[PDB]
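Asks: Residue numbers (the authors' numbering), protein chains in the order written: chain B, 5 to 478; chain A, 5 to 478. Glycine is no exception: its CB is placed at the ideal position from the N, C-alpha and C atoms. Before I ask anything, here is the structure I am working with.
Here you go:
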């Protein structure tokens, strides 16, 4: 017996500025670390970068019109820091602010709730040149000034804010795996930058309380809920280590302002724990958010990993199924393929019940409302004669995840909204354009840039029907 | 490289008054609910009862001398409420307090720390008669009067105190399964009595802060940590349901003063959630314990249970292995044999790693120190001529659990002490005498008290060596 979706449920769709906007050097925009990073040969598939992307900076009016046709209740986007402060910490760029002002007015005139994401991985290169960006406490007050600038200019028209998007991703990929700017493989640096990012998150939530007292703000965590492989006690203990190290490590800081103790002690024994100053715990414990943002795609199953066993592993960005290899941390846990779910061709788990599990774990541990900021299926799309993209695969994935959300709401989880990823096709950070996520097909591939024309996929009309029935018809 | 056991680690052993004392009608003692219940035909194996038990009431000097020979650092025992208040809430029976005073003085004269359990299932029958005992709010102030009586008489000599022993057992066996007094099978009444017992726990922790400001106090929860059968998402969701419904339901109230929400909502949908009065949440939230007491014997593995599925199961009462069957809650979860561990003859899982997992979960969720108030192996013992009892099976079980305690300490779990169940053999509530737990064999069976003579088992000398080496030699 299912509860209905609440009447105010934020049926949404999401983007990220570098992935969508283009206009990388217009109206005074400074360079970001991704402008620099993606132009380095070999970082991105076939050299694709965000110079143009899908050109949303010039075509947003067309884009919002398609949102209004769909009847989106909400649209989640990120503000590009380097459009607002080209130097990170210097003088404000009114043209940068003007674009987001025009975007929000376009959204508001069509009855769409704007959800503004403060940071999605594009710190200005200048801050990285001046003091190493997230490795320096100086970024805390420069990020605050940036945040406060947006709060004063948009706080009367934006109720929902997200601080740092997938902080575990841009910290891990940027400082442990070397896949994102700064392209570093140093765990000591990774956890120092992570700690400073935690303090930045807390400082801007505390500013938000002052500048937007009637608004709602939270971080957004890239949450892959951990599973034990079986009921072997050694595999359950691996799951305890994995859920605490991969998930509590961030969410406990967001919710309670404390790192988990066992994980901390493991890092301490390695010489990897971050440097703490007077003031840190009191700041982190005083920044309670209104919700936990959740970006969800898959669960992860783990098993026992001996002290000499698997370390970092092989990722699968080609799309040939079966090429992923176990990654893990020796002594604690290593991943293993879950034999009870299917995977995509990138070996990502297809596990909509895993979303209910993860929503239940956040409610049960933190008692926080949840805003689902990102969920989606990336796949190749064929444009067929008659402007028809029959992405039944995407509909089937979104249907099952929305169905499990309703069960979680029926369990008593407070889910504020759901932002599918993504509204239009967009540039992936590293693999180009062919793994598409959008409701709206964008006419370009890896080689030919074509005209970037927007085409409504079959999933666009499915989700239009979802919204008008408030999820009653899926 | 393991951490050592900390210098003042409480190497202990435990009992419970009804199981050990006898003297059921001496020196002014009133009837308890167990005096009455165990004399009803069919309630206990072979009609065994606590009239004599192993006669610790008269033989406490001999028993304490054996604790000194072992070198016990702490002895955990329970106070019989009906010795102190024969009618539960009238005038104090000084001879009742004088026994526990004599006992505490014997312990302290031999260097043994007393750990006093306020309530181990034996509320006076007069309170059951007057208002139904734990089902009535009247018990909150009656329990409080009793606790403060003990705090004022013994607080100068007792630092460690336990409030309610295994509230989840005496409430669920007493009101849901009807196996303990008052023998009721009614889930609604069960959760009402459970809520009243939560308030009584909170009230006496509050009183304790006034009367024993330098003491340490906590409840003793009967903790069986849940495992999912495998990585099937439906079995992991069963584990989420099972851990919250069986474990968080109690420990969250103990630690945070709040029931978990998914469980509460499920009870509400069934008309089973308890009645909440004004002021209840404030009392419950303001009664933080110094430690979580943990009674640990086994883990429990669970899997999906369809809404038409398993409910009450068969309980192994005889000692014939393989006779237990699944128990669960339809629609939420059901138990299933863990194929990766062995089980005793009573079908209890032998899972020392589970104790590390359980200690880690409590640290990770509540950040509380833990006092392990019960752990042991119940088995048949053979008395061999020469008064020799070779219980290597017990040594092996205790050894592997103490080993995992030290791994948990090395992880960063603050464990205050370890109380093996039990010091001497004693009466099991339902299963008679042959399922023995003691370091010290007591010569009696279900048919005859014989001479009740005390006989040191092999495990006595093993534990004596454990304590002498502070656990470095196991």
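Beta-carbon of residue 344 of chain B versus every beta-carbon of chain A: anything under 7 Å?
Replies: Closer than 7 Å to some Cβ of chain A, the Cβ of residue 344 of chain B qualifies, so yes.
Asks: Specify, as a first and last residue, the run of the beta strand (DSSP E) that residue 71 of chain A falls within.
Replies: Note, residue 71 of chain A: premise wrong, no beta strand (DSSP E); alpha helix (DSSP H) at 60–74.
Asks: So the candidates are B:277, B:220 and B:156; which of them puts its Cα closest to the Cα of residue 500 of chain B?
Replies: As shown, chain B starts at 5 and ends at 478. That puts residue 500 of chain B outside it, with no answer to give.
Asks: Measure the C-alpha to C-alpha separation of residue 187 of chain B and residue 98 of chain B and round it to an integer number of angstroms.
Replies: Residue 187 of chain B and residue 98 of chain B: Cα-Cα distance of roughly 32 Å.
Asks: Across the segment 173–190 of chain B and the segment 119–135 of chain B, are there enough close Cβ pairs to call them in contact, namely three or more that are closer than 8 Å?
Replies: Cβ pair count under 8 Å is three or more, so yes.
Asks: Identify every residue that forms a DSSP beta bridge with residue 14 of chain A.
Replies: According to DSSP, residue 14 of chain A bridges with A:421.
Asks: Is the distance from the Cβ of residue 414 of chain B to the Cβ of residue 7 of chain B below 7 Å?
Replies: Cβ distance < 7 Å, so residue 414 of chain B and residue 7 of chain B count as in contact.
Asks: Would the segment 12–19 of chain A count as touching the segment 60–80 of chain A if we require 3 or more Cβ pairs under 8 Å?
Replies: The segment 12–19 of chain A is in contact with the segment 60–80 of chain A.
Asks: Considering only C-alpha positions, which residue in the set A:368, A:469, A:292 and A:203 is nearest to residue 280 of chain A?
Replies: It is A:203.
Asks: Would you verify that the beta carbon of residue 370 of chain B is, or is not, closer than 7 Å to some beta carbon of chain A?
Replies: Output row for residue 370 of chain B: interface = no.
Asks: Please check if any C-beta of chain A sits within less than 7 Å of the C-beta of residue 263 of chain B.
Replies: Not an interface residue.
Asks: To the nearest angstrom, how far is the alpha carbon of residue 132 of chain B from that of residue 39 of chain B?
Replies: Going from the Cα of residue 132 of chain B to the Cα of residue 39 of chain B covers about 13 Å.
Asks: Using the Cα positions of residue 363 of chain B and residue 305 of chain B, report the straight-line distance between them to the nearest angstrom.
Replies: One C-alpha to the other measures close to 17 Å.
Asks: Where does residue 147 of chain B fall in DSSP's three states?
Replies: It is helical.
Asks: For residue 365 of chain A, tell me which candidate among A:385, A:230, A:468 and A:258 has the shortest Cα-Cα distance.
Replies: Of the candidates A:385, A:230, A:468 and A:258, the one whose C-alpha sits nearest the C-alpha of residue 365 of chain A is A:230.
Asks: Which residues of chain B have a Cβ atom closer than 8 Å to the Cβ of residue 269 of chain A, listed in chain order?
Replies: Going along chain B in sequence order, the residues near residue 269 of chain A (Cβ under 8 Å) are 415 and 416.
Asks: By the 10 Å Cβ neighbour count, where 16 or more other Cβ atoms means buried, how is residue 234 of chain A classified, buried or exposed?
Replies: Buried, by the Cβ-count rule.
Asks: Can you pull the chain B neighbours of residue 240 of chain A, defined as C-beta to C-beta under 7 Å?
Replies: Residues of chain B passing the Cβ test: 231 and 361.
Asks: Using the DSSP secondary-structure output, state which residues sit across from residue 338 of chain B in a beta bridge.
Replies: DSSP output for residue 338 of chain B lists B:307 and B:332 as bridge partner(s).
Asks: Compare the beta carbon distance of residue 340 of chain B and residue 354 of chain B with 7 Å and say whether it is the shorter of the two.
Replies: For residue 340 of chain B and residue 354 of chain B, no; Cβs fall outside 7 Å.
Asks: In chain order, which alpha helix (DSSP H) runs of at least 4 residues are fully inside the segment 256–323 of chain B?
Replies: DSSP runs (the alpha helix (DSSP H)) wholly in the segment 256–323 of chain B: 265–274 and 284–289.
Asks: Keeping to the same chain, check which residues put their C-beta closer than 8 Å to that of residue 195 of chain A; ignore five residues upstream and five downstream.
Replies: Correct list, in chain order: 271, 276, 277 and 278.
Asks: Between the beta-carbon of residue 170 of chain A and the beta-carbon of residue 226 of chain A, is there less than 7 Å?
Replies: Yes, the Cβ-Cβ distance between residue 170 of chain A and residue 226 of chain A is below 7 Å.
Asks: Using CA coordinates, which residue listed in A:172, A:94, A:107 and A:111 is at the minimum distance from residue 148 of chain A?
Replies: Nearest option by C-alpha distance: A:94.
Asks: I want to verify the contact list: residues of chain A whose CB lies under 8 Å from the CB of residue 234 of chain B, in sequence order.
Replies: Those are 233, 234, 235 and 344, listed as they occur along chain A.
Asks: Helix, strand or coil for residue 402 of chain A? Go by DSSP, reduced to three states.
Replies: Three-state result, residue 402 of chain A: helix.
Asks: Return the CA-CA distance between residue 117 of chain A and residue 221 of chain A, expressed in angstroms with no decimal places.
Replies: Roughly 14 Å separates the two Cα atoms.
Asks: Can you check which of these residues, A:395, A:367 and A:475, is closest to residue 405 of chain A by C-alpha distance?
Replies: The candidate whose alpha carbon is nearest that of residue 405 of chain A is A:475.
Asks: Would residue 290 of chain B count as contacting chain A if we go by Cβ distances under 7 Å?
Replies: So no, residue 290 of chain B is outside the interface.
Asks: Could you give the DSSP three-state label for residue 363 of chain B: helix, strand or coil?
Replies: Looking at residue 363 of chain B - three-state DSSP - the assignment turns out to be helix.
Asks: Does residue 376 of chain B pass the burial test, meaning 16 or more other C-beta atoms within 10 Å, or should it be called exposed?
Replies: Buried, since its Cβ has 16 or more Cβ neighbours within 10 Å.
Asks: Closest Cβ-Cβ distance between residue 335 of chain B and chain A: below 7 Å?
Replies: No, residue 335 of chain B lies away from the interface with chain A (no Cβ there is under 7 Å from its Cβ).
Asks: If you draw a straight line from the C-alpha of residue 372 of chain B to the C-alpha of residue 252 of chain B, how long is it?
Replies: So the two alpha carbons sit approximately 14 Å from each other.
Asks: Which term fits residue 392 of chain B, buried or exposed, when burial requires 16 or more other beta carbons within 10 angstroms of its beta carbon?
Replies: Counting Cβ neighbours within 10 Å, residue 392 of chain B comes out exposed, since fewer than 16 surround it.
Asks: Shortest alpha-carbon distance to residue 102 of chain A belongs to which of A:154, A:464 and A:141?
Replies: Ranking the options by Cα distance to residue 102 of chain A, first place goes to A:154.
Asks: Please tell me whether residue 90 of chain A and residue 32 of chain A are closer than 7 Å, where the distance is taken between their beta carbons.
Replies: Cβ atoms of residue 90 of chain A and residue 32 of chain A: closer than 7 Å.
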